[PDB]
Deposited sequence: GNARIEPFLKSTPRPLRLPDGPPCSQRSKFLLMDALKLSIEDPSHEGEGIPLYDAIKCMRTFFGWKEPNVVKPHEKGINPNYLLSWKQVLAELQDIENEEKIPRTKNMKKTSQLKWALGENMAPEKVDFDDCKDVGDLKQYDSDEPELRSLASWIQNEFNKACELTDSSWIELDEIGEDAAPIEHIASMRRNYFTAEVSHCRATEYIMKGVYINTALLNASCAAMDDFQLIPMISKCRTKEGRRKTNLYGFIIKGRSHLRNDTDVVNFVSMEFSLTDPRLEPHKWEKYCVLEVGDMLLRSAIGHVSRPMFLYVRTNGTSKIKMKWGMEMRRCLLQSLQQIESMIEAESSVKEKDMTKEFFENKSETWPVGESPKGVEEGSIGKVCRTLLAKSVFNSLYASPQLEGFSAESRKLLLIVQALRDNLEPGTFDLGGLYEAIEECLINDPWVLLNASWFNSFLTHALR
């Protein structure tokens, strides 16, 4: 039993629907209309400057990406002058937008492991309410509630939880617009809401998307969109990550940092993309990632409870023939690690991931049984696994992880 052969080639590139570790938020402290919130977030920033391309899209029409962003600013400037901010803004159907809206092996790069690491971290803000998890009709039993409270306290601030609510919000807004403005190039703010450690509600703007025409007769029909996302990441440090994007420099931002106050350039990551009804419906269900990882944690708690003939919830979560430690260093880190895996499975869903998960599972049980009991042939299963290792960053990372497991 050898390691999986990972593919040779240029490094894999980002393919998520929105930025993850590289996102940047413009934020207001709240006292519910997306466009109004977006404009108020825009107003908090004074470092805008004339935009230019700093990392061109190698296959796209870069002037059109630039034109599209300048059109967003100009049309928000229009809204500023009208007396009442409208509920929604439909973009002029300009040549640049008509183009942008449509009217090979890759090797493992280090950035996806870094994304996963960032997804497991805690943030300074809470992204869910105390009763966010579950959809029970009846009141829950005392133990079930205890497990939920413990788990929630461990993941409410997790970056992966921000990715969930960000994903829920933008898929809801796009699925709604695809239906409520079928023929419009509607401008759609990318928003999230969170609560600071001190209890203050804040509203965040990540950027914008503009949807194309969306006559979605069935679940697989595709609506195209153009995404425009703030970032402080200079794309020239890892240009292979940004193969699908045109990247603009659009401002300069004053920051507090470990070296004192600094001025940093602000970037806008622009790409054309698409999604479908069925993917948007799954996007709206990403809170189930919280439920799934809770259930893995509970699994787990039961195993310990069955052996000790006593419920082990408190002992498990408070870390009080029994386990002497936690490999990740804390129970919190186990919860956030399981959540991040579930969230990345959703952010990077693919058929290659489905086959890899099902096929690598069979090889794992086989290798375990062999390791356990030693001091019909595997070639067919290895080809089944390795046929999924093409170019997808998340699948390749999981293959790399799988190979460490084979080694030890």
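In this chain the deposited sequence has gaps in the coordinates at 1 to 12, 44 to 48, 121 to 146, 364 to 370, 426 to 428, 462 to 464, listed in sequence order.
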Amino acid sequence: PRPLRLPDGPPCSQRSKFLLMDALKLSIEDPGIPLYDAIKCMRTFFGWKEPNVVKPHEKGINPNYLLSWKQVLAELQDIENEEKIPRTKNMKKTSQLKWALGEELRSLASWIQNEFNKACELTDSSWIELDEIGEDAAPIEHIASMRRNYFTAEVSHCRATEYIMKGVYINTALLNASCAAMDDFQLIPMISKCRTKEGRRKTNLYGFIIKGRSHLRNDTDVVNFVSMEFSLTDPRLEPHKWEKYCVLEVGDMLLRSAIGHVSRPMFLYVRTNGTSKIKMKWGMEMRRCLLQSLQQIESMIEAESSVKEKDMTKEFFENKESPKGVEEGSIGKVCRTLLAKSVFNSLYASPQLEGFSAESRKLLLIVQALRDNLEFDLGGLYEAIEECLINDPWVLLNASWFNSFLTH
From here on, numbers count along this sequence of modelled residues.
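Each form is matched to the other, and the largest set of C-alpha atoms that superpose within 1.5 Å is called the rigid core.
In terms of root mean square C-alpha deviation after superposing on the rigid core in 8 other deposited structures of this protein, the stretch standing farther out between 338 to 346 and 22 to 30 is 22 to 30.
Note on 156 to 164 and 251 to 259: with rigid core alignment, C-alpha atoms in 8 other deposited structures of this protein sit farther from this form for 251 to 259. Modelled in this chain, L381 is likewise resolved in all the other entries of the protein that span it on both sides, not missing from even a third of them. Annotation: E321 belongs to the positions left without coordinates in at least a third of the other compared entries, with flanking residues modelled.
Taking the mean C-alpha B-factor of each stretch as recorded, 20 to 28 and 388 to 396 are not equal, and the higher mean is that of 388 to 396. A summary of the deposited B-factors shows that, of 352 to 360 and 47 to 55, the stretch with the larger mean C-alpha value is 352 to 360. Residues shown: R287, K84, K244, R336. Highest C-alpha temperature factor in the entry: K84. As recorded in the PDB entry, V307 shows the highest C-alpha B-factor of the residues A160, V307, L175, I331. Annotation for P189: CA B-factor lies in the lowest third of the chain's modelled residues.
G212: CA B factor in the lowest third of modelled residues in this chain (values from the PDB entry). Per-chain ranking of the deposited C-alpha B factor places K92 in the middle third.
Split the chain's modelled residues into thirds by C-alpha temperature factor. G260 is in the highest one. Per-chain ranking of the deposited C-alpha B factor places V250 in the lowest third.
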